[PDB]
Amino acid sequence: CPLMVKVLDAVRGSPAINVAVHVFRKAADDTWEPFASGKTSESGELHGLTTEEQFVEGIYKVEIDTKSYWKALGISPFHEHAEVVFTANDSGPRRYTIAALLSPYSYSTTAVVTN
Amino acid sequence: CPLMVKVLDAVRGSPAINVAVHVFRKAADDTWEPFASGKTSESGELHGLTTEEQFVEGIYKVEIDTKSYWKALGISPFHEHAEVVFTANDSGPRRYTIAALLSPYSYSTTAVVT
Amino acid sequence: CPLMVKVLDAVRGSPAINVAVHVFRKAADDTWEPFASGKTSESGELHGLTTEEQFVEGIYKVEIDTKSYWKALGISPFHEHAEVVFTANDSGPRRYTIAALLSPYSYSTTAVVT
Amino acid sequence: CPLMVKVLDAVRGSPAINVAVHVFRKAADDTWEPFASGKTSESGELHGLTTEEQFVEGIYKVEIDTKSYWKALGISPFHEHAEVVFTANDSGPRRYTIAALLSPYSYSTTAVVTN
Ligand SMILES: O=C(O)Cc1ccccc1Nc1c(Cl)cccc1Cl
């Protein structure tokens with residue numbers, strides 16, 4: 001499990017559950033091709049998105065559907081979604097934990113990269 | 001000045017100066033067309049990106065070239081850039097302030113709509 | 001105006017208005033003595049807390065009454081208040097801007113020293 | 001384990017290791033009495049600070065010695081430390097995860113409260 005996503009809710013002080021996450025990889029033609037997708041669990045985490053074999057060097061985009069999350073709670077959010085774009089494994093395989101803290105008009109995202 | 005961008009540096013505790021910012025608007029064909037661009041000033045701010053006449057309802061993407069900013073400081077950042085995608089509602093006098101706080105492996109962004 | 005405080009609301013995407021702010025300075029006996037206080041304005045800012053003459057080197061604590069702010073909006077917050085403790089160095093012309101972004105169960109604070 | 005602290009480093013994209021944490025409880029005389037202390041592990045986490053029996057209702061202060069952390073890395077930080085003050089268990093026992101993301105001139109803290 002080289003790619004993990006964790007989403008927290010800053011309004012309720014709880015994990016953000018059932019948040020849709022889509023991952024894309026930049027193709028040779030500068031196009032974003034679907035790579036993997038899923039929804040966060042009860043712990044606000046999403047595991048098993050890919051494997052070390054499939055997760056090759058490249059530029060990846062992790063899109064977190066924050067808008068749908070907030071609407072389901074009756075709150076009108078600012079962002080359409082949260083996007084995290086990064087180059088991965090360019091110097092060998094690494095483990096990536098992408099964390100996002102969500103608020104209706106703000107979000108913070110950090111990466112924890114393990115070797 | 002309905003749209004303003006402010007970028008701060010969390011490592012040095014200062015405005016993020018000369019950060020390239022590109023704004024795009026989603027076109028009818030779901031394509032991002034260039035809308036405006038510029039670089040943050042000494043105060044880490046970018047004003048005059050557009051006018052109220054030109055800034056119509058739609059989905060906009062504010063792209064902040066964070067990578068180039070960090071590389072210039074000798075720090076290898078994590079993100080390729082920071083992106084803020086939102087819908088400009090246009091329902092009453094509204095000024096949009098997009099703020100971003102930058103760290104090498106993290107960034108936070110908030111919108112101040114007044 | 002060497003010390004300024006800015007408070008934003010991450011839930012409503014607006015400045016945090018009328019937030020009580022208390023500033024303390026650590027005394028010789030390791031006690032926090034009141035230094036200045038006020039409430040954020042409509043722009044979520046608090047200016048004129050002190051002067052360069054009065055703002056000498058020392059350890060300061062900026063306390064933001066976040067609890068009262070959230071309760072007034074009908075939201076039960078997590079924190080009793082937000083505290084920012086720092087050392088004013090006083091080594092060259094320096095203006096201190098203490099910014100805080102508030103959410104019911106979270107807050108972020110950054111210092112912009114220019 | 002009703003009280004957990006997790007600290008991340010936003011500059012290096014890694015857990016903040018060996019960060020000293022001191023917890024205090026407000027006494028009857030409005031004084032902060034030492035409650036527990038420890039240092040974050042390799043995963044940037046601090047467990048076993050207290051037990052459900054000892055962690056009674058009250059106002060607690062979690063102090064994270066961020067200054068010492070940054071100085072050890074050769075960076076001059078802004079804050080003397082990060083403090084998180086909250087009322088705990090006022091409506092029954094809860095599990096509290098106090099998370100902090102650190103940068104030299106900024107820090108963010110969130111609480112995840114479980115029942
Ligand atoms: O915008 C963000 O998310 C970064 C951040 C973090 C903590 C405290 C304040 C801020 N942002 C900020 C600042 Cl530094 C100035 C003016 C307006 C805003 Cl929204």
Side-chain angles (χ1 to χ4, degrees), chain A residues 8 10-11 66 77-79 82 84 99-110, chain B residues 1 3-17 19 21 40-41 43-47 62 64 66 79 82-84 86 95-103 106-114, chain C residues 3-17 19 21 40-47 62 64 66 69 79 82-84 86 95-103 105-114, chain D residues 10 78-79 82 100-110:
Chain A
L8 294 178
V11 172
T66 57
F78 178 74
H79 310 86
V84 178
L101 178 64
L102 315 176
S103 286
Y105 282 69
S106 178
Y107 69 79
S108 178
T109 183
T110 194
Chain B
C1 191
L3 177 60
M4 199 264 273
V5 178
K6 195 179 199 305
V7 191
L8 302 309
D9 181 323
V11 171
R12 302 190 287 156
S14 67
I17 308 172
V19 178
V21 175
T40 58
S41 65
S43 67
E45 313 187 320
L46 177 50
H47 303 74
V62 176
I64 305 172
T66 58
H79 309 86
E83 294 180 60
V84 179
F86 62 105
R95 300 292 77 71
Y96 296 81
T97 291
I98 300 302
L101 178 64
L102 315 179
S103 287
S106 177
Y107 70 79
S108 177
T109 183
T110 193
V112 190
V113 186
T114 57
Chain C
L3 177 60
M4 199 264 273
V5 178
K6 195 179 199 305
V7 191
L8 302 309
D9 181 323
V11 171
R12 302 190 287 156
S14 67
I17 308 172
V19 178
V21 175
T40 58
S41 65
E42 301 293 352
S43 67
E45 313 187 320
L46 177 50
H47 303 74
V62 176
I64 305 172
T66 58
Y69 176 73
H79 309 86
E83 294 180 60
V84 179
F86 62 105
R95 300 292 77 71
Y96 296 81
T97 291
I98 300 302
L101 178 64
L102 315 179
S103 287
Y105 283 71
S106 177
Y107 70 79
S108 177
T109 183
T110 193
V112 190
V113 186
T114 57
Chain D
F78 178 74
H79 310 86
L101 178 64
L102 315 176
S103 286
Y105 282 69
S106 178
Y107 69 79
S108 178
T109 183
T110 194

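Chain letters run A, B, ... following the sequence lines, proteins first and then strands; every chain starts at 1. Numbering of ligands and ligand atoms starts at 1, following listing order.
- Ring planes of C/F86 and C/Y96: tilted class, angle from 30 to 60°.
- Side-chain contact, A/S108 with D/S108: no donor N or O sits under 3.5 Å from an acceptor N or O.
- The protein heavy atom nearest to atom 7 (C) of ligand 1 is C/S108 OG, 3.3 Å.
- Here the protein heavy atom with the shortest distance to atom 9 (C) of ligand 1 is C/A99 CB, 3.6 Å.
- The only member of C/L8, C/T66, C/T109 that meets side chain to side chain contact (heavy atoms under 4.5 Å, CB included) when paired with C/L102 is C/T66.
- When each atom of ligand 1 is checked for a heavy atom of B/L8 under 4.0 Å away, the hits are 14 (Cl).
- Summary of contacts: the protein heavy atom closest to atom 19 (Cl) of ligand 1 is B/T110 CG2, 2.6 Å.
- In terms of protein heavy-atom proximity, atom 4 (C) of ligand 1 is nearest to B/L101 CB, 3.4 Å.
- B/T40 places a side-chain N or O within donor-acceptor distance of the main-chain N or O of B/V19, the cut-off being under 3.5 Å.
- Contacts between B/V112 and ligand 1, counted as non-hydrogen atom pairs separated by less than 4.0 Å, involve the side chain only.
- At a threshold of 4.5 Å between non-hydrogen side-chain atoms, the residues C/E45 and C/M4 count as touching.
- Heavy-atom proximity to C/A100, at under 4.0 Å, picks out these atoms of ligand 1: 8 (C).
- With A/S106 contributing its side chain and C/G13 its backbone, the two residues share no donor-acceptor pair below 3.5 Å.
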